[PDB]
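Have a look below at one chain only, the form deposited in one PDB entry, in C-alpha cells format.
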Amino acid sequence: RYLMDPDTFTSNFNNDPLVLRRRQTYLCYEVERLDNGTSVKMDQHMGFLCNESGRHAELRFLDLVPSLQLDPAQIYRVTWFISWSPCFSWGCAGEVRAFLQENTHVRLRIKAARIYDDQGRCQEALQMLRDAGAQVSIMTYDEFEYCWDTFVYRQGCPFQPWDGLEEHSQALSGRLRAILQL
C-alpha cells in the first residue's frame, strides 16, 4: 500500500477543536475478515483516501468496494479512521446507509478524529450512520498512534502526540456519546 506523508497525517488528524480547516478529509481504511475467532487482514485491503474534486472520501471508499472482491458468504469488518466528522457532506450518510443495507456481510466501524456538532444536519448524519449499523467512536491516542504506525511513511519514527490530544479526544468523545446515546 502507498503510505501517507507524515506532515499530511499530522495536519489533518489534529483534533484541536479550535482549528476548523474547511478543505480535506483523510480516510484510512482496513478490511478484516472475521473467522474462527480471529481477524484476517490483507495489505491490498488497506490504504487511505482523501476528497477529490468534490467527491468525498467516504463515497470514494464505497466506489472501490467492488474492486475489493469481498466474498458475500463471509463476514467482514471495515474500519475507517477518518480525520473529519463522518458524512459531513450532503447526502453522504444516506449513501452509506444504502451500501450497508445492500451488503449485510459488511460491518462498518468508524473512528473519527473529531465530529462537527452543528445541532443539525451534520449531527443527524452521525445518528443515521449508527441507525444503519455503523459503530462510530472518537479516535484516542491508541488510534492515532496505530494510524501513524500503519498508514504513514514514518521511517520507524515513533508517533509524537500534539499538545492536548487526550483532552480534545475525551471532550469530543463525550459529545459524540451524548449524540449517539440510546
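By rigid core we mean the largest C-alpha set that fits within 1.5 Å across both forms. One rule holds for the numbers: they count along the sequence shown, beginning at 1.
- With 7 to 15 and 154 to 162 compared on mean CA B-factor from the PDB entry, the stretch scoring higher is 154 to 162.
- Per the PDB record, of the two stretches 51 to 59 and 140 to 148, 51 to 59 carries the greater mean B-factor over its C-alpha atoms.
- The PDB entry gives the largest Cα B-factor of the residues 113, 129, 27, 122 to 122.
- Sort the chain's modelled residues by C-alpha temperature factor and residue 74 lands in the highest third, per the entry.
- Residue 88 sits in the highest third of its chain by CA B factor, as recorded in the PDB entry.
- The PDB entry assigns residue 96 a C-alpha temperature factor belonging to the middle third of its chain's modelled residues.
- Per the PDB record, residue ranking by Cα B-factor puts residue 182 in the highest third of the chain.
Although it is not shown, the form deposited in another entry is what the next lines describe.
- In a rigid core superposition between this form and the one not shown, 88 is the single residue of 99, 76, 80, 88 whose Cα is displaced by 2 Å or more.
- Note: the CA-CA distance for residue 88 and residue 25 expands in that other deposited form relative to this form, by 3 angstroms or more.
- Relative to this conformation, an increase of 3 Å or more in the Cα-Cα distance between residue 26 and residue 89 is found in that other deposited form.
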